[PDB]
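Coming up is one lone chain in structure tokens, specifically the form deposited in one PDB entry.
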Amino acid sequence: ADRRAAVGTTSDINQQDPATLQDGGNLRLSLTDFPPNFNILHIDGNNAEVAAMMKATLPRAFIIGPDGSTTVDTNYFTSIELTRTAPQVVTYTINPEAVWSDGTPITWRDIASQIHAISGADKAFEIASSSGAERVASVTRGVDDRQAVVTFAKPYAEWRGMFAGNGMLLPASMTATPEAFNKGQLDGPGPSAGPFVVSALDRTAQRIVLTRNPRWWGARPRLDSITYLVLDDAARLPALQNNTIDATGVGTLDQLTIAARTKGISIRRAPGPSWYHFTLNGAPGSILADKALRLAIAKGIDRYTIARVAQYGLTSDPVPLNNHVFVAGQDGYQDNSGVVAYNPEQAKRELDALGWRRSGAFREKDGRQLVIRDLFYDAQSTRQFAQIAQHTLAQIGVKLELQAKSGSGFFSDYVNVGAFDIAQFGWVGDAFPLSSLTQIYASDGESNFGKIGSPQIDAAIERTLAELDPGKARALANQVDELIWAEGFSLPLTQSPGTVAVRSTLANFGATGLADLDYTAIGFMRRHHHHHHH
């Protein structure tokens, strides 16, 4: 309804003193699919929904606040120190009480093993991201088994994100060998160390259950369990209305209307750094391998109309996202989309200059029709995106062939392997925006699914990560963004409204925006608990 889709500095979580909440309870949430791999560092396990679930179970070195600021999570680390600024040396000192769910203590070996596994040194690890691990020169033992000193060969401002935010620490048994990394977590997660532990994976009931970790050495959680139910997008709001789940996202105006009409449901809003997009495939043999064709096609997709249709009534003055690196409300955000501003007449002119002429119902060249397979995850909103782009592209002689898909293998079986010309999906960021550059946009980026890149983009990413000054680094990242747009890599569409529908009884849970949850503090309020001191 009235707030802008822009990242702010607040959470909307109905903060309450957890000691005043009920003792016990079952937080019921939904999942889109069982993951094909539970290793969230793996190229097949980089699923935001699963990572979100795992945050309740795995160590994270820092707590992120609603403004993106970090503090050391002393449950997992006695201290974390920038031992030396340049060359960068970081000393992680592990909380001696920290233990994995198999009794093994957390040691420096877990940090060393994880950094090695995602460093790119050994190509056998099929990783989703390096999070700058390729920039560490060494991980060595500090004063005892519980201390790791990470020495960098190159600057890396966002080192705090290695084991925090969307990053988190895995046990060496799951990262030490390519076999365990790639295949050890196919049927379920390995050992963990957090307030909750995954205790049940029911593929028949399509349910995953998290219960209190017996070995947890920190604050006892208020919840007995967190239960995830597999539900398709259309089933989510009805499940909330029928009292089968307790919270779910609100992605459309009609969803907001249904949720807000529902007794016992509250609407929380805190936009986070996540967005939806068209990603283009430029791999050899793909029709969009031609850069000029990518830029021409892009000029025929009306991202502004798409954003207005997607977000009207849900957010105020809806606009599309115009940046790959920063989103609205973030420092450094700016509009770098002009190289592919919507211009159908110019698109037609450029298509003619390339020999994609109106020889038939759609444009043609060398006996091939100008058809673009659009791969997306079938749902009402995503089909809407596809349909609008289809309409505008048809108007310039371009045929968008919709290829809607479903299931656990949307990424592992289609996106990850280049089975598309355009793919619609979302990226889910955190407080560390620069860490996406090497992952997605570098020529050898592990998540560069479309294999689109250039030496100029690579060099601009290098300059961005070498820069120690934050403002200059933001400038350099925006130059990177300019190059990304000019390469026809992808078209950002909408960033997240941050609207969530939550059972009104829940406290310390809701729309978090940039912030982490304290999973020990989530709980249900007692009857007639109607005060709100926050």
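Note that residue numbering follows the sequence shown and begins at 1.
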The stretch carrying the higher mean Cα B factor in the deposited entry, 130-138 or 367-375, is 367-375
Once average C-alpha B-factors are taken from the entry for 184-192 and 212-220, the winner is 184-192
Per the deposited entry, the peak Cα B-factor within the set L295, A117, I461, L237 goes to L237
Of the residues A121, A259, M168, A289, the one whose Cα carries the largest B-factor in the deposited record is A259
Split the chain's modelled residues into thirds by Cα B-factor; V72 lands in the lowest
Of the three thirds of the chain ranked by Cα temperature factor, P66 occupies the lowest
In terms of its chain's C-alpha B-factors, the third that includes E49 is the highest
By the entry's values, the third containing the CA B factor of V230 is the highest
In terms of its chain's C-alpha B-factors, the third that includes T9 is the lowest
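This protein has a second form, the form deposited with a partner chain bound, left out of what is shown; the following refers to that one.
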Per contact check vs its partner chain in the deposited complex (non-hydrogen atom within 4.5 angstroms), the hit among 142-150, 380-388, 350-358, 328-336 is 380-388
*asked:* Test of understanding: in the deposited complex, would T71 fall inside 4.5 Å of its partner chain by heavy atoms?
replied: no
Legend entry - Any non-hydrogen atom of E345 within 4.5 angstroms of its partner chain in the deposited complex: no
- Task: Please check if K405 has a heavy atom lying within 4.5 Å of any heavy atom of its partner chain in the deposited complex.
- Result: yes
inquiry  = Residue-level question: is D254 within 4.5 Å of its partner chain in the deposited complex, judged on heavy atoms?
reply    = yes
### Task
Could you tell me if all three of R261, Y312 and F376 have a heavy atom no more than 4.5 Å from its partner chain in the deposited complex?
yes
The listed residue (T305, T78, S138, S443) that reaches within 4.5 Å of its partner chain in the deposited complex by any heavy atom is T305
